[PDB]
Each structure stands twice: as structure tokens, then as C-alpha cells.
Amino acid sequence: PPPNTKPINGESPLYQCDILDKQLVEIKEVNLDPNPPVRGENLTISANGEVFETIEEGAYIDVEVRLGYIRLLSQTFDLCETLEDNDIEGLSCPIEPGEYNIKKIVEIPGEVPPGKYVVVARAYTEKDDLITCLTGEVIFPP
């Protein structure tokens, strides 16, 4: 497989990246209701993970979406803000250490062109400490 990448257990194409760098959160298991997500349908995300350090306000995520060799999306979102805007139940921003189980539902735009997309997200705390690194490949049939 790719360098510094671990498959995540479960029905998901997700990998953990930058493993040689200490990460504050362990992503134990990830499941998606359609194993390949389907355009124009709901996608259900089940996640099981651990948090080892109190995540406080100021964490941020560098998210990059890429189609082929074209860089489609690159920006930084405020982590707490995003979890609160998307109304994740139980992810109140001061994230205490512990065992977490998260279920979140998102809708896939049907308008999305068919093709092979690569997503890369790196989340860091206010102190710029690496929380996690995740990468994935999704292929949409035409």
C-alpha cells in the first residue's frame, strides 16, 4: 500500500496517514452504509475511536479534495465550529479523553461528476499538535 498508511478496520476505503508521527486520536473502526458511496443517496458514517488529550477550542482541519491530478479543494475549517455547525451529537468542543462512538448522516450530491477522488485531511490542535491524518479513494461509476 502507500507509505505511512494503515487500512482502517471496517467497510470503508479509509487509511490512516502520517503514522510515524504521534496522533492524539485513534480511529479504531469506520463503516459506511453503502460500501462504495453512491451518488445522490444518503451516506451513513459510523465511527469508533479514542481521544487521549483534551481537545480545546482552536483546533483546525486542513482538508484537500483532489480529482485526478487537479486540486479541487484546499482549505482549513475550524474543527469545533464545524462539529457544531453539522450538529454532531455529543461532540461538544472541549473533547475530553475517552471512548467515542459517532453516527453522522450526510447526503451525497448527485451532481458530482463520475471519477476517482482522493481526500486528505489533517487535524491539528490549537497548539498545532497532530490529532489525526486520514486519506481515501472514492470511485464513482458513470
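From 1 onward, residues are counted along the sequence shown.
Remark: stretch with higher mean C-alpha B factor among 76-84 and 46-54 is 76-84.
As recorded in the PDB entry, 63-71 is the stretch of 63-71 and 25-33 with the greater mean C-alpha temperature factor.
Placement of the Cα temperature factor of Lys103 within the chain: lowest third of the modelled residues, per the deposited record. Among the modelled residues of its chain, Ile139 has a C-alpha B-factor that falls in the middle third, as given in the PDB entry.
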